[PDB]
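In each ligand, atom 1 is the first atom listed, and ligand 1 is the first ligand listed. The analysis underlying the following values was restricted to heavy atoms, covering all of them including side chains, and did not include hydrogens, waters or symmetry mates. Along the sequence shown, the residues carry numbers beginning at 1.
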Amino acid sequence: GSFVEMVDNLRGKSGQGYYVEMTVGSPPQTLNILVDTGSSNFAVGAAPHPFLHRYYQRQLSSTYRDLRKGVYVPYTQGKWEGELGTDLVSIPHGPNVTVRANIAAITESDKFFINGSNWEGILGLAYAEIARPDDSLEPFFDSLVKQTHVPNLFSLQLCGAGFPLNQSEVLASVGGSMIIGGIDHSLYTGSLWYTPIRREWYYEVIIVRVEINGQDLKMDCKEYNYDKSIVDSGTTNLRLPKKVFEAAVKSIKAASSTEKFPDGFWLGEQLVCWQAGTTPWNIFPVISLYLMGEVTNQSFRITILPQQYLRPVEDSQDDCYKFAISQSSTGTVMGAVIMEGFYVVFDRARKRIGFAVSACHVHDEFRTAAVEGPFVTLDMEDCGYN
Ligand SMILES: CN1C(=N)N[C@](CCC2CCCCC2)(C[C@H]2CCC[C@@H](NC(=O)Nc3ccccc3)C2)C1=O
């Protein structure tokens with residue numbers, strides 16, 4: 001329905017992350033927390049760090065409980081380490097509840113915190129299977145559902161501005177909404193289409209067909225989900241398996257061939273700039289990802305524009321962008337630049353993910369993002385990797 005208390009409760013952007021305000025401890029300590037559908041730990045800065053102007057002070061919380069256990073979490077680009085405990089947690093622009101939740105107090109980290117991001121911790125919203133050190137550490141959302149009457153569902157509207165936001169603007173701007181326990185109909189247009197959650201660990205899905213401007217990429221659909229496909233608000237780019245990335249870039253280059261871009265642009269390293277207002281959106285193709293539907297032999301598609309996969313960056317008065325599609329060796333990742341096109345419903349209760357066109361997606365007068373269906377698609381279970 002309508003969840004006015006939670007609409008517009010996010011801030012941030014695709015490259016630095018989207019965050020929500022939370023409070024931890026008694027009396028409450030306010031912290032900004034990155035929303036991460038690609039992990040399952042609630043982990044907060046708990047010691048001084050050059051990029052933090054505040055952190056969780058366990059000694060100041062009367063409700064802090066020490067679990068006397070450490071946690072070490074390496075990931076591709078870095079790591080975070082800390083001390084496990086529990087405390088009372090609330091979301092000011094959220095459901096009006098307070099829960100007793102696990103908290104990893106981060107004491108050491110490498111390439112975790114981001115300078116100028118304005119967030120001090122992360123909220124891992126995925127399932128217990130991928131919680132660290134193991135699946136016995138109950139994730140926040142599981143605690144929330146068990147302890148309150150909050151429905152087992154949340155939805156995310158990540159709003160890309162379509163242009164660079166400076167330090168002051170990104171602090172003053174609305175970055176989107178996280179609706180806890182429901183679906184807010186003001187955040188999307190058209191219909192919601194659902195794809196099954198294949199397995200409850202990451203938010204894993206199955207892609208059954210890929211098009212570039214309606215042209216079928218024509219790969220064996222297992223390639224699109226090798227070794228998994230996930231929906232992850234904690235990754236910036238649309239990341240594709242090596243072979244899929246190579247075929248997609250070849251097709252995107254062919255569609256946009258009226259202009260030549262350097263190799264560094266396609267590698268997502270170098271920006272491309274145009275005179276103010278002259279970005280040639282129309283030369284770049286739309287990208288359609290077909291997802292397995294809830295009905296046997298039925299699929300639907302989500303279509304994104306270059307306004308989603310070209311990420312605005314400051315250079316001058318030129319309009320500059322980075323290519324936000326990159327290679328992966330760990331499967332497809334539908335990151336923030338993809339999520340910015342859609343209102344995404346994480347329907348844990350019904351083991352499904354919903355997509356609808358976002359009321360805040362960036363587009364032009366000629367094209368819009370789309371969510372359409374149904375399409376007849378056979379042997380979709382074969383698209384999943386084992
Ligand atoms: C993809 N991804 C993700 N969605 N969450 C994590 C952890 C995954 C988790 C999966 C289950 C097993 C354990 C690991 C963490 C990520 C969160 C967003 C901010 C990032 N911070 C930076 O990247 N910071 C940074 C800072 C300076 C330089 C470079 C990067 C760090 C990750 O790698």
Side-chain angles (χ1 to χ4, degrees), residues 10-20 22 31-45 49-52 55 70-76 78 80-82 84 102-104 106 108-142 154 156 158 170 175-176 178 197 199-205 227-241 268-269 311 313 322 324-340 344 346 353:
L10 304 181
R11 286 192 287 159
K13 57 195 184 173
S14 61
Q16 290 199 313
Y18 285 89
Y19 60 88
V20 68
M22 299 185 74
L31 296 169
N32 284 327
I33 302 298
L34 180 148
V35 167
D36 187 11
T37 67
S39 69
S40 300
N41 284 78
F42 177 34
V44 306
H49 183 282
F51 306 160
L52 299 176
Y55 58 90
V71 57
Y72 172 58
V73 184
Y75 50 89
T76 307
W80 66 259
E81 306 177 50
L84 297 168
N102 292 309
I103 306 176
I106 300 170
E108 267 156 59
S109 62
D110 173 54
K111 294 176 273 293
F112 181 75
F113 299 112
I114 297 171
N115 188 207
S117 73
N118 209 40
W119 54 258
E120 295 105 12
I122 68 169
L123 182 63
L125 291 165
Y127 302 93
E129 183 172 318
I130 63 167
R132 296 293 181 94
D134 61 63
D135 68 4
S136 68
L137 194 80
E138 184 174 81
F140 176 79
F141 205 87
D142 289 74
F154 63 93
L156 291 169
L158 308 181
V170 73
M178 174 170 60
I197 289 170
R199 200 160 77 74
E200 299 149 300
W201 60 315
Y202 292 94
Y203 285 103
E204 189 188 1
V205 297
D227 59 351
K228 62 184 174 294
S229 288
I230 69 173
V231 182
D232 185 9
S233 63
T235 285
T236 297
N237 289 356
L238 168 57
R239 304 184 64 229
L240 298 171
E269 296 162 353
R311 183 169 68 81
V313 297
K322 274 184 177 178
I325 304 180
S326 56
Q327 193 179 312
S328 173
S329 63
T330 60
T332 292
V333 183
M334 295 169 54
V337 300
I338 307 312
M339 297 180 69
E340 280 174 0
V344 186
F346 293 82
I353 295 161

Filter on salt bridge (charged side-chain N to carboxylate O under 4.0 Å, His left out), then keep only pairs touching residues 114-126, sequence neighbours left out; what's left? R54-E120

Taking 4.0 angstrom as the limit and counting only heavy atoms of [X], give me the atoms of ligand 1 inside it, by number and element.
X: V73; value: 13 (C), 14 (C)
X: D232; value: 1 (C), 3 (C), 4 (N)
X: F113; value: 26 (C)
X: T235; value: 1 (C)

Just verifying a value: how many Å separate [X] [atom1] and [Y] [atom2], rounded to the nearest 0.5 Å?
X: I338; Y: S233; atom1: CD1; atom2: OG; answer: 13.5 Å
X: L137; Y: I103; atom1: CG; atom2: CD1; answer: 11.0 Å
X: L34; Y: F113; atom1: CG; atom2: CZ; answer: 11.0 Å

Is there a donor-acceptor pair under 3.5 Å between the side chain of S40 and the backbone N or O of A126? yes

Proximity of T37 to ligand 1 by residue part, where a heavy atom lies under 4.0 Å: neither

Any heavy atom of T76 sitting closer than 4.0 Å to ligand 1? no

Taking ring pair (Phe, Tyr, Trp, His ring centres under 6.0 Å) as the definition, give me every residue that meets it alongside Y18, ordered by chain and number, with sequence neighbours left out. none

Hey, do the aromatic rings of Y127 and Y203 have their centres closer than 6.0 Å? yes

Short N/O distance, under 3.5 Å, between [X] and ligand 1?
X: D36; result: yes
X: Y202; result: no
X: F112; result: yes

